[PDB]
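Student: As input, take query_34.csv (CSV, N, CA and C atoms):
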```csv
chain,number,residue,atom,x,y,z
T,50,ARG,N,55.8,0.9,40.7
T,50,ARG,CA,55.0,2.1,40.7
T,50,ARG,C,53.9,1.9,39.6
T,51,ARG,N,54.2,1.2,38.5
T,51,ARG,CA,53.2,1.0,37.5
T,51,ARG,C,52.0,0.3,38.0
T,52,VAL,N,52.2,-0.8,38.7
T,52,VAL,CA,51.0,-1.5,39.2
T,52,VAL,C,50.4,-0.7,40.4
T,53,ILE,N,51.2,0.0,41.1
T,53,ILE,CA,50.7,0.9,42.2
T,53,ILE,C,49.7,1.9,41.6
T,54,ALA,N,50.1,2.5,40.5
T,54,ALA,CA,49.3,3.5,39.8
T,54,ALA,C,48.0,2.8,39.3
T,55,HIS,N,48.2,1.6,38.7
T,55,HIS,CA,47.0,0.9,38.2
T,55,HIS,C,46.0,0.6,39.4
T,56,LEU,N,46.6,0.3,40.5
T,56,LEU,CA,45.7,0.1,41.7
T,56,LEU,C,45.0,1.4,42.1
T,57,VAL,N,45.7,2.5,42.2
T,57,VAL,CA,45.1,3.7,42.7
T,57,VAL,C,44.1,4.2,41.7
T,58,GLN,N,44.3,4.2,40.4
T,58,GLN,CA,43.3,4.6,39.5
T,58,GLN,C,42.1,3.6,39.6
T,59,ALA,N,42.4,2.3,39.8
T,59,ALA,CA,41.3,1.3,40.0
T,59,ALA,C,40.6,1.6,41.3
T,60,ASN,N,41.4,1.9,42.3
T,60,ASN,CA,40.8,2.1,43.7
T,60,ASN,C,41.2,3.5,44.2
T,61,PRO,N,40.5,4.6,43.7
T,61,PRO,CA,40.7,5.9,44.3
T,61,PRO,C,40.0,6.1,45.6
T,62,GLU,N,39.5,5.1,46.2
T,62,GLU,CA,38.6,5.2,47.4
T,62,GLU,C,39.2,5.9,48.6
T,63,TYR,N,40.6,6.1,48.6
T,63,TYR,CA,41.2,6.6,49.7
T,63,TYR,C,42.7,6.9,49.3
T,64,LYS,N,43.3,7.8,50.1
T,64,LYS,CA,44.7,8.0,50.0
T,64,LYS,C,45.3,7.9,51.4
T,65,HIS,N,46.3,7.0,51.5
T,65,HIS,CA,46.9,6.8,52.8
T,65,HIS,C,47.9,7.9,53.2
T,66,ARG,N,48.2,7.9,54.5
T,66,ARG,CA,49.2,8.9,55.0
T,66,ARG,C,50.5,8.8,54.2
T,67,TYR,N,50.7,7.7,53.5
T,67,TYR,CA,51.9,7.4,52.7
T,67,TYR,C,51.8,7.9,51.3
T,68,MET,N,50.7,8.5,50.9
T,68,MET,CA,50.6,9.2,49.6
T,68,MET,C,50.2,10.7,49.7
T,69,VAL,N,49.6,11.1,50.8
T,69,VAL,CA,49.1,12.5,50.9
T,69,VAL,C,49.6,13.0,52.2
T,70,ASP,N,50.1,14.3,52.1
T,70,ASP,CA,50.7,14.9,53.3
T,70,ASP,C,49.7,15.4,54.3
T,71,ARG,N,49.9,15.0,55.5
T,71,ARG,CA,49.2,15.6,56.7
T,71,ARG,C,50.0,16.8,57.2
T,72,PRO,N,49.4,17.7,57.9
T,72,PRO,CA,50.1,18.9,58.4
T,72,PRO,C,51.3,18.4,59.3
T,73,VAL,N,52.4,19.0,59.0
T,73,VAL,CA,53.7,18.5,59.6
T,73,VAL,C,54.0,19.3,60.9
T,74,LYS,N,54.5,18.6,61.9
T,74,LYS,CA,55.0,19.2,63.1
T,74,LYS,C,56.4,18.8,63.3
T,75,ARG,N,56.9,17.7,62.9
T,75,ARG,CA,58.3,17.3,62.8
T,75,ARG,C,58.5,16.7,61.4
T,76,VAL,N,59.6,17.1,60.8
T,76,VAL,CA,59.9,16.6,59.4
T,76,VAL,C,61.2,15.8,59.5
T,77,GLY,N,61.2,14.6,59.0
T,77,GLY,CA,62.3,13.7,59.0
T,77,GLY,C,63.3,13.8,57.9
T,78,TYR,N,64.5,13.5,58.1
T,78,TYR,CA,65.6,13.7,57.1
T,78,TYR,C,66.5,12.5,57.1
T,79,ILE,N,66.6,11.8,55.9
T,79,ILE,CA,67.5,10.7,55.7
T,79,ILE,C,68.7,11.3,55.1
T,80,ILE,N,69.8,11.3,55.8
T,80,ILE,CA,71.0,11.9,55.4
T,80,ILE,C,72.1,10.9,55.1
T,81,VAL,N,72.5,10.8,53.8
T,81,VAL,CA,73.6,9.9,53.4
T,81,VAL,C,74.9,10.7,53.3
T,82,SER,N,76.0,10.0,53.7
T,82,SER,CA,77.3,10.5,53.6
T,82,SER,C,78.3,9.4,53.5
T,83,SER,N,79.6,9.7,53.6
T,83,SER,CA,80.6,8.7,53.5
T,83,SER,C,81.3,8.5,54.9
T,84,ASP,N,82.2,7.5,54.9
T,84,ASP,CA,83.2,7.4,56.0
T,84,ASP,C,84.6,7.7,55.6
T,85,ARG,N,84.9,7.9,54.3
T,85,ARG,CA,86.2,8.3,53.8
T,85,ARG,C,86.0,9.7,53.2
T,86,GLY,N,86.9,10.6,53.6
T,86,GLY,CA,86.9,11.9,53.1
T,86,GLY,C,87.5,12.0,51.7
T,87,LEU,N,88.3,13.0,51.4
T,87,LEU,CA,89.1,13.2,50.2
T,87,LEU,C,88.2,13.1,49.0
T,88,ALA,N,87.0,13.7,49.1
T,88,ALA,CA,86.1,13.8,48.0
T,88,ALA,C,85.5,15.2,47.8
T,89,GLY,N,86.5,16.1,47.9
T,89,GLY,CA,86.0,17.5,47.8
T,89,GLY,C,85.1,17.9,48.9
T,90,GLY,N,84.2,18.9,48.6
T,90,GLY,CA,83.2,19.3,49.5
T,90,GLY,C,81.8,18.7,49.2
T,91,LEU,N,81.8,17.7,48.3
T,91,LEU,CA,80.6,17.0,47.9
T,91,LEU,C,79.7,16.7,49.1
T,92,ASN,N,80.2,15.9,50.1
T,92,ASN,CA,79.5,15.7,51.3
T,92,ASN,C,79.3,17.0,52.0
T,93,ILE,N,80.3,17.9,52.0
T,93,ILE,CA,80.2,19.2,52.7
T,93,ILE,C,79.1,20.1,52.0
T,94,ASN,N,79.1,20.0,50.7
T,94,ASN,CA,78.0,20.8,50.0
T,94,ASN,C,76.6,20.2,50.3
T,95,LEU,N,76.5,18.9,50.4
T,95,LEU,CA,75.3,18.3,50.9
T,95,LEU,C,74.9,18.8,52.3
T,96,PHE,N,75.9,18.8,53.2
T,96,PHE,CA,75.6,19.3,54.5
T,96,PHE,C,75.2,20.7,54.6
T,97,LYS,N,75.9,21.6,53.8
T,97,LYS,CA,75.5,23.0,53.7
T,97,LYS,C,74.1,23.2,53.2
O,1,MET,N,-19.4,-25.7,43.0
O,1,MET,CA,-19.6,-24.5,42.2
O,1,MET,C,-19.2,-23.2,43.0
O,2,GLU,N,-19.8,-23.1,44.2
O,2,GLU,CA,-19.2,-22.1,45.1
O,2,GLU,C,-17.9,-22.6,45.7
O,3,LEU,N,-17.7,-23.9,45.8
O,3,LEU,CA,-16.4,-24.4,46.2
O,3,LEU,C,-15.5,-24.3,45.0
O,4,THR,N,-16.0,-24.4,43.8
O,4,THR,CA,-15.2,-24.0,42.6
O,4,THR,C,-14.8,-22.6,42.7
O,5,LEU,N,-15.6,-21.7,43.2
O,5,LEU,CA,-15.3,-20.3,43.4
O,5,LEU,C,-14.2,-20.2,44.5
O,6,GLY,N,-14.3,-21.0,45.5
O,6,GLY,CA,-13.2,-21.0,46.5
O,6,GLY,C,-11.9,-21.5,45.9
O,7,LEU,N,-12.0,-22.5,45.0
O,7,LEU,CA,-10.8,-22.9,44.2
O,7,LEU,C,-10.2,-21.7,43.5
O,8,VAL,N,-11.0,-20.9,42.8
O,8,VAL,CA,-10.5,-19.7,42.1
O,8,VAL,C,-9.9,-18.7,43.0
O,9,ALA,N,-10.5,-18.5,44.2
O,9,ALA,CA,-9.9,-17.6,45.1
O,9,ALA,C,-8.6,-18.0,45.6
O,10,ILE,N,-8.5,-19.3,45.9
O,10,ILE,CA,-7.2,-19.9,46.3
O,10,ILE,C,-6.1,-19.7,45.3
O,11,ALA,N,-6.5,-20.0,44.0
O,11,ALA,CA,-5.5,-19.9,42.9
O,11,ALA,C,-5.0,-18.5,42.8
O,12,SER,N,-5.9,-17.5,42.8
O,12,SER,CA,-5.5,-16.1,42.8
O,12,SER,C,-4.6,-15.8,43.9
O,13,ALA,N,-4.9,-16.2,45.1
O,13,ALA,CA,-4.1,-15.9,46.3
O,13,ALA,C,-2.7,-16.5,46.1
O,14,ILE,N,-2.6,-17.8,45.6
O,14,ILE,CA,-1.4,-18.4,45.2
O,14,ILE,C,-0.6,-17.5,44.4
O,15,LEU,N,-1.1,-17.1,43.2
O,15,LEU,CA,-0.4,-16.3,42.3
O,15,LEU,C,0.2,-15.1,42.9
O,16,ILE,N,-0.7,-14.3,43.5
O,16,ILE,CA,-0.4,-13.0,43.9
O,16,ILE,C,0.7,-13.0,45.0
O,17,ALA,N,0.5,-13.8,46.0
O,17,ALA,CA,1.5,-13.9,47.1
O,17,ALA,C,2.8,-14.5,46.6
O,18,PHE,N,2.7,-15.5,45.8
O,18,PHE,CA,3.9,-16.3,45.5
O,18,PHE,C,4.8,-15.6,44.5
O,19,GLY,N,4.2,-15.0,43.5
O,19,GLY,CA,5.0,-14.0,42.7
O,19,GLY,C,5.5,-12.8,43.5
O,20,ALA,N,4.7,-12.4,44.5
O,20,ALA,CA,5.2,-11.3,45.4
O,20,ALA,C,6.5,-11.7,46.1
O,21,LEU,N,6.6,-13.0,46.4
O,21,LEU,CA,7.8,-13.5,46.9
O,21,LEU,C,8.9,-13.5,45.9
O,22,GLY,N,8.5,-13.8,44.6
O,22,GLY,CA,9.5,-13.7,43.6
O,22,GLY,C,10.1,-12.3,43.5
O,23,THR,N,9.3,-11.3,43.5
O,23,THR,CA,9.7,-9.9,43.6
O,23,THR,C,10.6,-9.6,44.8
O,24,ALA,N,10.0,-10.0,46.0
O,24,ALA,CA,10.7,-9.8,47.3
O,24,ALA,C,12.1,-10.3,47.3
O,25,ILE,N,12.4,-11.3,46.6
O,25,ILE,CA,13.7,-11.9,46.5
O,25,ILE,C,14.6,-11.2,45.5
O,26,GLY,N,14.0,-11.1,44.3
O,26,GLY,CA,14.8,-10.5,43.2
O,26,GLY,C,15.3,-9.0,43.6
O,27,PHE,N,14.3,-8.2,43.9
O,27,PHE,CA,14.6,-6.8,44.2
O,27,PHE,C,15.6,-6.7,45.4
O,28,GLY,N,15.4,-7.6,46.4
O,28,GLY,CA,16.3,-7.5,47.6
O,28,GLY,C,17.7,-7.9,47.2
O,29,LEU,N,17.9,-8.9,46.4
O,29,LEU,CA,19.3,-9.3,45.9
O,29,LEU,C,19.9,-8.1,45.2
O,30,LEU,N,19.1,-7.5,44.3
O,30,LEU,CA,19.6,-6.4,43.5
O,30,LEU,C,19.9,-5.2,44.3
O,31,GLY,N,19.1,-4.9,45.3
O,31,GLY,CA,19.4,-3.8,46.2
O,31,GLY,C,20.7,-4.0,47.0
O,32,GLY,N,20.9,-5.2,47.6
O,32,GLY,CA,22.1,-5.5,48.3
O,32,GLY,C,23.3,-5.4,47.5
O,33,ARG,N,23.4,-6.1,46.4
O,33,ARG,CA,24.5,-6.1,45.5
O,33,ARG,C,24.7,-4.7,44.9
O,34,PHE,N,23.7,-4.0,44.6
O,34,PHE,CA,23.8,-2.7,44.0
O,34,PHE,C,24.5,-1.7,45.0
O,35,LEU,N,24.0,-1.8,46.2
O,35,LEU,CA,24.7,-0.9,47.2
O,35,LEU,C,26.1,-1.3,47.4
O,36,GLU,N,26.5,-2.6,47.4
O,36,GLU,CA,27.9,-2.9,47.5
O,36,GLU,C,28.7,-2.4,46.3
O,37,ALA,N,28.1,-2.6,45.1
O,37,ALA,CA,28.9,-2.2,43.9
O,37,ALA,C,29.1,-0.7,43.8
O,38,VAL,N,28.0,0.1,44.1
O,38,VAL,CA,28.1,1.5,44.1
O,38,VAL,C,29.1,2.0,45.2
O,39,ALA,N,29.1,1.3,46.3
O,39,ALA,CA,30.1,1.6,47.3
O,39,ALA,C,31.5,1.4,46.7
O,40,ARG,N,31.7,0.3,46.0
O,40,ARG,CA,33.0,0.1,45.3
O,40,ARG,C,33.3,1.2,44.3
O,41,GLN,N,32.4,1.7,43.6
O,41,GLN,CA,32.5,2.7,42.5
O,41,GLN,C,31.5,3.8,42.8
O,42,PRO,N,31.8,4.7,43.7
O,42,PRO,CA,30.8,5.7,44.1
O,42,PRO,C,30.8,6.9,43.1
O,43,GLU,N,31.4,6.8,41.9
O,43,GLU,CA,31.5,7.9,41.0
O,43,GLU,C,30.5,7.9,39.9
O,44,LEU,N,30.3,6.7,39.3
O,44,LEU,CA,29.4,6.6,38.1
O,44,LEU,C,28.0,6.2,38.4
O,45,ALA,N,27.5,6.6,39.6
O,45,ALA,CA,26.2,6.4,40.1
O,45,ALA,C,25.1,6.5,39.1
O,46,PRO,N,25.1,7.6,38.2
O,46,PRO,CA,24.0,7.7,37.2
O,46,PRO,C,23.8,6.5,36.4
O,47,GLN,N,24.8,6.0,35.6
O,47,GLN,CA,24.7,4.9,34.8
O,47,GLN,C,24.4,3.6,35.6
O,48,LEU,N,24.9,3.6,36.8
O,48,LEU,CA,24.7,2.5,37.7
O,48,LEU,C,23.2,2.3,38.0
O,49,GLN,N,22.6,3.4,38.5
O,49,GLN,CA,21.1,3.4,38.7
O,49,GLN,C,20.4,3.2,37.4
O,50,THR,N,20.9,3.7,36.3
O,50,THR,CA,20.3,3.5,35.0
O,50,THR,C,20.1,2.0,34.7
O,51,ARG,N,21.2,1.3,34.7
O,51,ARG,CA,21.1,-0.2,34.4
O,51,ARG,C,20.4,-0.9,35.6
O,52,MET,N,20.4,-0.3,36.8
O,52,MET,CA,19.7,-0.9,37.9
O,52,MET,C,18.2,-0.9,37.6
O,53,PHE,N,17.7,0.2,37.2
O,53,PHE,CA,16.2,0.2,36.9
O,53,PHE,C,16.0,-0.6,35.6
O,54,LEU,N,16.9,-0.6,34.7
O,54,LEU,CA,16.8,-1.6,33.6
O,54,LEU,C,16.5,-3.0,34.1
O,55,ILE,N,17.4,-3.5,34.9
O,55,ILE,CA,17.2,-4.8,35.5
O,55,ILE,C,15.9,-5.0,36.2
O,56,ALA,N,15.6,-4.0,37.0
O,56,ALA,CA,14.4,-4.0,37.8
O,56,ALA,C,13.2,-4.2,36.9
O,57,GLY,N,13.1,-3.5,35.8
O,57,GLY,CA,12.0,-3.7,34.9
O,57,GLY,C,12.1,-5.1,34.3
O,58,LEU,N,13.3,-5.5,33.9
O,58,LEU,CA,13.4,-6.9,33.3
O,58,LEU,C,12.9,-7.9,34.3
O,59,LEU,N,12.9,-7.6,35.6
O,59,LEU,CA,12.7,-8.6,36.6
O,59,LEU,C,11.2,-9.0,36.8
O,60,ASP,N,10.4,-8.1,37.2
O,60,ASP,CA,9.2,-8.4,37.9
O,60,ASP,C,8.0,-8.5,37.0
O,61,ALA,N,8.2,-8.8,35.7
O,61,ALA,CA,7.0,-8.8,34.8
O,61,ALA,C,6.1,-9.9,35.1
O,62,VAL,N,6.5,-11.2,35.0
O,62,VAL,CA,5.6,-12.4,35.2
O,62,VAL,C,5.0,-12.4,36.6
O,63,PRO,N,5.7,-12.1,37.7
O,63,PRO,CA,4.9,-12.1,38.9
O,63,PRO,C,3.8,-11.1,38.9
O,64,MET,N,4.0,-9.9,38.4
O,64,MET,CA,2.9,-9.0,38.3
O,64,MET,C,1.8,-9.5,37.4
O,65,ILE,N,2.2,-10.3,36.4
O,65,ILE,CA,1.2,-10.9,35.5
O,65,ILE,C,0.3,-11.8,36.3
O,66,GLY,N,0.9,-12.6,37.2
O,66,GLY,CA,0.1,-13.6,38.0
O,66,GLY,C,-0.8,-12.8,38.9
O,67,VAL,N,-0.3,-11.7,39.5
O,67,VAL,CA,-1.1,-10.9,40.4
O,67,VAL,C,-2.3,-10.4,39.6
O,68,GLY,N,-2.1,-9.8,38.5
O,68,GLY,CA,-3.2,-9.2,37.7
O,68,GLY,C,-4.2,-10.2,37.3
O,69,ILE,N,-3.8,-11.3,36.8
O,69,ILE,CA,-4.7,-12.3,36.3
O,69,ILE,C,-5.5,-12.9,37.5
O,70,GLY,N,-4.8,-13.1,38.6
O,70,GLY,CA,-5.5,-13.6,39.8
O,70,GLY,C,-6.6,-12.6,40.3
O,71,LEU,N,-6.3,-11.3,40.3
O,71,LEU,CA,-7.3,-10.4,40.7
O,71,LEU,C,-8.4,-10.4,39.7
O,72,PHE,N,-8.1,-10.5,38.4
O,72,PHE,CA,-9.1,-10.5,37.3
O,72,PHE,C,-10.1,-11.7,37.6
O,73,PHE,N,-9.6,-12.8,37.9
O,73,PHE,CA,-10.4,-14.0,38.2
O,73,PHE,C,-11.2,-13.7,39.5
O,74,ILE,N,-10.6,-12.9,40.5
O,74,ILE,CA,-11.3,-12.6,41.7
O,74,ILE,C,-12.5,-11.8,41.4
O,75,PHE,N,-12.5,-10.9,40.4
O,75,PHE,CA,-13.6,-10.1,40.1
O,75,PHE,C,-14.3,-10.4,38.8
O,76,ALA,N,-13.5,-10.5,37.7
O,76,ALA,CA,-14.1,-10.9,36.4
O,76,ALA,C,-13.7,-12.4,36.2
O,77,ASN,N,-14.3,-13.2,37.1
O,77,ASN,CA,-14.1,-14.7,37.1
O,77,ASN,C,-14.7,-15.3,35.8
O,78,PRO,N,-13.9,-16.0,35.0
O,78,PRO,CA,-14.5,-16.8,33.9
O,78,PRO,C,-15.3,-18.0,34.5
O,79,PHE,N,-16.5,-18.1,34.1
O,79,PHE,CA,-17.4,-19.2,34.5
O,79,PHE,C,-17.6,-19.1,36.0
O,80,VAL,N,-18.2,-18.0,36.5
O,80,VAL,CA,-18.5,-17.8,37.9
O,80,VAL,C,-19.4,-18.9,38.4
```
Using the file provided, produce a representation of the structure as structure tokens.

Tutor:
Amino acid sequence: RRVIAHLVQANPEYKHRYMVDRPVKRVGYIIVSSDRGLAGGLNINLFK
Amino acid sequence: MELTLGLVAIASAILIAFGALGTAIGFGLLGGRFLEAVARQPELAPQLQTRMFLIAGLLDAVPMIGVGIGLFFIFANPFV
């Protein structure tokens, strides 16, 4: 990220779709969980 | 003597055209690179143009000198 920031301050000529948000129509969700339960509702709290 | 005058006319034409070519090359190179550079850094255009005119002034002195002295000989010819 340090060199990324150095680049972008050096080259502010554009912001890619990967740095600035375009109007959203579908939003993606990366959801992590376990395969073994017996960990309280931690995963369940995340799901909620 | 009149052919000496033709010599003078030729010399003046040499100077004026050939220094004009000097300018035509220098200013063109500066323009091309300057456009490219300001494209790279479109923000500080003021100082960019500032130093650009700096260089432009530094550039074309002697060619204009040749032009002027050539025309001088064209009209105020020494030993007409």

Student: Do a neighbour search on range 49-58 of chain O at 8 Å with all atoms listed in the file, toss out local chain neighbours closer than 3 positions, and write the hits as JSON, numbers by chain.

Tutor: {"O": [26, 27, 30, 34, 44, 45, 46, 61, 62]}

Student: Provide as a list in words the residues of chain T at most 12 Å from chain O, counting only C-alpha atoms.

Tutor: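 Taking only C-alpha atoms into account, residues 58, 59, 60, 61, 62 and 63 of chain T sit within 12 Å of chain O.
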
Student: Could those residues be written to a file, using N, CA and C atoms, as a PDB file, in the coordinates of the input?

Tutor:
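Result went into selection_0.pdb, see below:
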```pdb
ATOM      1  N   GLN T  58      44.300   4.200  40.400  1.00  0.00           N
ATOM      2  CA  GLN T  58      43.300   4.600  39.500  1.00  0.00           C
ATOM      3  C   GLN T  58      42.100   3.600  39.600  1.00  0.00           C
ATOM      4  N   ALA T  59      42.400   2.300  39.800  1.00  0.00           N
ATOM      5  CA  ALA T  59      41.300   1.300  40.000  1.00  0.00           C
ATOM      6  C   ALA T  59      40.600   1.600  41.300  1.00  0.00           C
ATOM      7  N   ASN T  60      41.400   1.900  42.300  1.00  0.00           N
ATOM      8  CA  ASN T  60      40.800   2.100  43.700  1.00  0.00           C
ATOM      9  C   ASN T  60      41.200   3.500  44.200  1.00  0.00           C
ATOM     10  N   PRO T  61      40.500   4.600  43.700  1.00  0.00           N
ATOM     11  CA  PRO T  61      40.700   5.900  44.300  1.00  0.00           C
ATOM     12  C   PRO T  61      40.000   6.100  45.600  1.00  0.00           C
ATOM     13  N   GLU T  62      39.500   5.100  46.200  1.00  0.00           N
ATOM     14  CA  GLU T  62      38.600   5.200  47.400  1.00  0.00           C
ATOM     15  C   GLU T  62      39.200   5.900  48.600  1.00  0.00           C
ATOM     16  N   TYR T  63      40.600   6.100  48.600  1.00  0.00           N
ATOM     17  CA  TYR T  63      41.200   6.600  49.700  1.00  0.00           C
ATOM     18  C   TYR T  63      42.700   6.900  49.300  1.00  0.00           C
TER      19      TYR T  63
END
```

Student: What is the distance, in Å and to one decimal place, between CA of residue 65 in chain O and CA of residue 48 in chain O?

Tutor: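 Interatomic distance, CA of residue 65 in chain O to CA of residue 48 in chain O: 27.1 Å.
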
Student: Mind giving me the straight-line distance from CA of residue 2 in chain O to CA of residue 16 in chain O in Å, one decimal?

Tutor: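 A separation of 20.9 Å between them.
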
Student: Just need the box for range 59-69 of chain O, edges along x, y and z, holding every atom the file lists for it with 8 Å tacked onto each side, so centre and edge lengths in Å to one decimal, as lines of an AutoDock Vina configuration file.

Tutor:
```
center_x = 3.7
center_y = -10.6
center_z = 37.6
size_x = 34.4
size_y = 22.0
size_z = 21.6
```

Student: What is the CA of residue 77 in chain O to CA of residue 10 in chain O distance in Å?

Tutor: 12.6 Å
